[PDB]
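**Q** This structure is in structure tokens; I'll ask about it shortly.
Residue numbers (UniProt numbering), protein chains in the order written: chain A, 84 to 107, 115 to 293, 299 to 324, 341 to 368, 373 to 449; chain B, 84 to 107, 115 to 293, 299 to 324, 341 to 368, 373 to 449.
Written out as structure tokens, the structure reads:
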């Protein structure tokens with residue numbers, strides 16, 4: 084016989100039980123009332139006893155066991171273990187099977203960009219997981235959406251070039267413009283693209304360096320409102352940021368008035388007020404189709420426009436949802 | 084044979100023992123004296139030994155077991171387990187049975203809107219469970235009770251519309267009016283309608304954001320007395352409130368004198388002093404029937420009325436309970 088031990092600590096433990104449940115174990119009853127309110131309750135049923143399965147003509151024997159003495163502290167439950175056991179020659183099938191199961195599990199599970207935050211000189215989770223912001227969803231000027239999504243895509247591929255030269259492998263960015271132009275939305279959409287986690291930090300200088308040094312894995316630092324500052344300490348800690356991998360640090364400011376040297380900020384781009392392209396693309400995002408109205412909106416917004424910003428468009432477009440005709444006369448007056 | 088393990092940790096453990104007690115286990119003696127005072131005492135009787143039952147001609151065998159070594163910390167008792175065991179072919183009946191039992195349990199158990207509150211930068215329970223406030227019980231102006239119970243009912247159904255556009259899935263409300271108009275009563279009745287929990291918070300700005308971010312599941316935030324304020344920090348934290356689901360934030364003020376932009380407050384309605392419809396509906400709520408007196412009250416309250424409010428009506432209606440004739444002359448003078 085052969086063995087394959089998957090212990091209850093591994094992340095591929097719940098995945099495998101989910102797979103074997105659906106093979107032709116948690117059981118969760120879930121009642122939705124007349125309201126959207128939900129009454130749901132889950133119960134497990136993985137017997138300390140062995141079962142059988144037939145995957146591709148194998149007759150795999152599976153046991154699941156609990157320890158009568160040991161207690162896990164990660165989940166507060168005794169230590170469990172699933173043991174597959176089959177024909178000896180085809181033990182190598184097990185990995186294949188689990189890989190398939192893992193893939194079918196990972197296809198459904200879509201991530202969510204956790205946001206860490208500062209809690210003194212230590213990063214704590216904050217704001218139980220958000221949802222992916224879906225880069226097509228953010229609409230900014232014509233060329234800026236691609237001028238950055240390819241600089242980063244090169245910076246994620248130039249490890250050898252930066253390593254062999256002996257310079258640190260990091261990069262900064264400076265999104266600057268008027269308040270309400272869609273900077274933060276774009277940063278979150280980009281982090282969702284690379285499924286990293288935004289360790290947000292808004293502006299003490301001595302612990303700022305500790306915060307810079309101690310970032311979780313697969314993160315994208317964000318520095319809000321850099322025009323509010341300790342400056343020498345800021346430059347010192349910003350130059351002394353290191354990692355085993357990329358260290359991206361976006362920076363947003365409402366008015367950016373030495374810092375522009377490489378190693379520090381080196382890609383500066385100006386996201387500003389709305390353009391006749393941005394308004395058209397937002398109008399087509401809200402109202403699929405209906406091309407005729409778009410122009411009838413644009414030539415209307417060509418007049419009485421001073422600080423027309425995309426937050427204003429979002430507000431004046433959500434209040435007249437599923438009704439462009441109301442928007443035609445409402446937004447034109449604001 | 085088959086098995087079905089329900090362990091003592093699951094919420095469907097007490098439910099099942101309650102069901103099997105009433106099948107044709116806690117035993118609680120309960121003595122009410124001549125006073126309303128109560129002497130009550132409960133004792134359990136679930137033997138570590140197996141029993142039998144006949145549900146629909148099945149002869150189900152049930153064991154209940156205690157662990158001689160392990161101690162649960164949630165209830166301070168050893169770890170218990172109920173094991174049903176019957177004919178092998180009809181193992182699938184067990185789930186059906188438990189579902190029926192759960193439903194018959196949930197029909198009787200009526201919830202109670204727990205109120206969380208602020209304890210520094212962390213939400214603690216407060217005020218051991220209240221009772222449902224029963225929306226018909228709160229009486230406000232003619233159209234305002236439905237103009238909000240349908241906006242929310244749409245906002246609970248527009249997840250895809252708000253998600254696909256890439257905007258956060260939250261919404262604010264601004265109930266404004268004179269003190270004593272019945273705002274808080276309506277908010278509690280509405281939360282009881284959606285069986286959520288009011289994480290009440292009355293007005299420090301840095302921890303307000305932490306409080307906003309960390310809300311329990313299935314909650315409805317409430318911000319009392321917003322006309323008392341850090342303002343820029345208020346707007347900043349209010350725009351940076353996120354969740355995995357809806358984030359409703361009602362706001363009450365006694366005198367509401373930039374905030375009205377969508378994403379922030381977007382549904383404003385004015386609940387004010389008493390109307391000749393409100394007084395009639397309160398009078399009919401207190402005194403079922405007796406239509407003749409209603410008009411004889413209304414034309415009486417048409418005179419000498421300045422700041423007639425529903426709290427005043429509640430006070431002057433409860434002091435003459437089961438006696439409208441006393442109210443006719445008492446309330447008319449206040």
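Where is the CB? At the ideal position from N, CA and C, for every residue including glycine.
Is the beta carbon of residue 380 of chain B sitting closer than 9 Å to the one on residue 263 of chain B?
**A** Stepping through the second chain from its first residue, residue 380 of chain B is reached at position 265. Stepping through the second chain from its first residue, residue 263 of chain B is reached at position 173. Against a cut-off of 9 Å, the Cβ pair of residue 263 of chain B and residue 380 of chain B comes out as a contact.
**Q** To the nearest whole angstrom, what separates the beta carbons of residue 207 of chain B and residue 290 of chain B, a pair I think is in contact under 8 Å?
**A** Numbered from 1 along the second chain, position 117 holds the residue referred to as residue 207 of chain B. Numbered from 1 along the second chain, position 200 holds the residue referred to as residue 290 of chain B. Confirmed, about 6 Å.
**Q** Indicate whether at least one CB of chain A lies closer than 9 Å to the CB of residue 439 of chain B.
**A** To locate residue 439 of chain B, count along the second chain from 1; it is residue 324. Judged by the 9 Å Cβ criterion, residue 439 of chain B is not in contact with chain A.
**Q** Going by DSSP, which residues form a beta bridge with residue 122 of chain B?
**A** Within the second chain, residue 122 of chain B is the residue found at index 32, counting from 1. B:128.
**Q** Kindly say whether residue 240 of chain B, judged by its beta-carbon, lies nearer than 9 Å to any beta-carbon of chain D.
**A** This model lacks chain D altogether; the protein chains it does include are A and B.
**Q** Which residue comes first and which comes last in the beta strand (DSSP E) that contains residue 317 of chain A?
**A** What you label residue 317 of chain A is simply residue 222 of the first chain in a count that begins at 1. Where residue 317 of chain A is concerned, the enclosing beta strand (DSSP E) stretches over 314 to 319.
**Q** Would you identify the three-state DSSP class for residue 241 of chain B, choosing helix, strand or coil?
**A** As a first step, residue 241 of chain B is located in the second chain; it is residue number 151 there, counting from the start. The answer is helix: DSSP assigns residue 241 of chain B an H, G or I state.
**Q** Excluding five sequence neighbours on each side, which residues of the same chain lie with their C-beta closer than 6 Å to the C-beta of residue 446 of chain A?
**A** Here residue 446 of chain A refers to the residue found at position 331 of the first chain. Take residue 446 of chain A, set aside five residues on each side of it, and the residues of its chain with a beta-carbon closer than 6 Å to its own are 431, in chain order.
**Q** How would you label residue 370 of chain B, buried or exposed, when you count the other beta carbons within 10 angstroms and need 16 or more for buried?
**A** Since the model of chain B passes from 368 to 373 in one step, residue 370 of chain B is not part of what is shown.
**Q** Are the Cβ atoms of residue 347 of chain A and residue 287 of chain A separated by less than 9 Å?
**A** By 1-based counting over the first chain, the position of residue 347 of chain A is 236. By 1-based counting over the first chain, the position of residue 287 of chain A is 197. In this structure, residue 347 of chain A keeps its C-beta atom at 9 Å or more from the C-beta atom of residue 287 of chain A.
**Q** Determine, for residue 90 of chain B, whether the minimum Cβ-Cβ distance to residues of chain A falls below 9 Å.
**A** The sequence position of residue 90 of chain B within the second chain is 7, counting from 1. At least one chain A Cβ lies under 9 Å of residue 90 of chain B.
**Q** Could you check the C-alpha separation between residue 440 of chain A and residue 429 of chain A for me, to the nearest Å?
**A** As a working note, residue 440 of chain A is residue 325 in the first chain. As a working note, residue 429 of chain A is residue 314 in the first chain. Spanning the two alpha carbons is a distance of roughly 16 Å.
**Q** What is the residue span of the alpha helix (DSSP H) that residue 216 of chain B lies within?
**A** Along the second chain, one-based indexing puts residue 216 of chain B at 126. Careful: residue 216 of chain B lies outside any alpha helix (DSSP H), inside the beta strand (DSSP E) at 213 to 216.
**Q** Let me know if residue 372 of chain A comes out buried or exposed under the rule of 16 or more other beta-carbons within 10 Å of its beta-carbon.
**A** Between 368 and 373, chain A has no modelled residues, which means residue 372 of chain A does not appear in the coordinates.
**Q** Answer with yes or no whether the minimum CB distance from residue 378 of chain B to chain A is below 9 Å.
**A** In the second chain, the residue the question calls residue 378 of chain B occupies position 263. True, the Cβ-Cβ gap to chain A drops below 9 Å.
**Q** Which chain B residues are close to residue 216 of chain A, counting only those with a beta carbon under 7 Å from its beta carbon?
**A** In the first chain, the residue the question calls residue 216 of chain A occupies position 126. The contacting residues are 308.
**Q** Going by C-alpha distance, which of A:434, A:386, A:385 and A:426 is nearest residue 270 of chain A?
**A** In the first chain, the residue the question calls residue 270 of chain A occupies position 180. Considering only alpha carbons, the answer is A:426.
**Q** Output, in chain order, the set of chain B residues within a Cβ distance shorter than 8 Å of residue 401 of chain A.
**A** Taking the first chain and counting its residues from 1, the one referred to as residue 401 of chain A is at position 286. Correct list: 255.
**Q** Measuring CA to CA, which of B:211, B:267, B:367 and B:221 is closest to residue 310 of chain B?
**A** Numbered from its first residue, the second chain carries residue 310 of chain B at position 215. Cα-wise, what sits closest to residue 310 of chain B is B:211.
**Q** Buried or exposed: which applies to residue 50 of chain A, given that a residue is buried once 16 or more other Cβ atoms fall within 10 Å of its Cβ?
**A** Because chain A here runs from 84 to 449, residue 50 of chain A falls outside it and cannot be looked at.
**Q** What three-state label does DSSP hand residue 168 of chain B in the structure shown?
**A** As a first step, residue 168 of chain B must be located in the second chain, where it is residue number 78. Residue 168 of chain B falls in the strand class under three-state DSSP.
**Q** Going by C-alpha to C-alpha distance, which of A:389, A:180 and A:386 sits closest to residue 147 of chain A?
**A** In the first chain, the residue the question calls residue 147 of chain A occupies position 57. Comparing Cα positions, the closest option is A:180.
**Q** Can you round the beta-carbon distance between residue 236 of chain B and residue 222 of chain B to whole angstroms, since I take them to be within the 8 Å contact cut?
**A** To locate residue 236 of chain B, count along the second chain from 1; it is residue 146. To locate residue 222 of chain B, count along the second chain from 1; it is residue 132. Beta-carbon to beta-carbon, residue 236 of chain B and residue 222 of chain B are separated by about 19 Å, too far to satisfy the 8 Å threshold.
**Q** Are residue 191 of chain B and residue 228 of chain B close, meaning C-beta to C-beta below 9 Å?
**A** For this step, residue 191 of chain B is matched to residue 101 along the second chain. For this step, residue 228 of chain B is matched to residue 138 along the second chain. Their beta carbons are not under 9 Å apart, which means residue 191 of chain B does not touch residue 228 of chain B by this criterion.
**Q** Which residue or residues does DSSP assign as beta-bridge partners of residue 90 of chain B?
**A** As a working note, residue 90 of chain B is residue 7 in the second chain. Answer is B:171, bridged to residue 90 of chain B.
**Q** Using only alpha-carbon positions, find the residue among A:324, A:307, A:443 and A:341 that is nearest to residue 317 of chain A.
**A** Reading the first chain from its first residue, position 222 is the one you call residue 317 of chain A. Nearest of A:324, A:307, A:443 and A:341 to residue 317 of chain A, Cα basis: A:307.
**Q** Which same chain residues, not among the five before or five after residue 321 of chain A, have their C-beta less than 7 Å away from its C-beta?
**A** Along the first chain, one-based indexing puts residue 321 of chain A at 226. Cβ within range, chain order: 362 and 364.
**Q** Beta-carbon of residue 323 of chain A versus every beta-carbon of chain B: anything under 9 Å?
**A** Locating residue 323 of chain A in the first chain gives position 228, counting from the first residue. Answer no: the Cβ-Cβ gap between residue 323 of chain A and chain B never drops below 9 Å.
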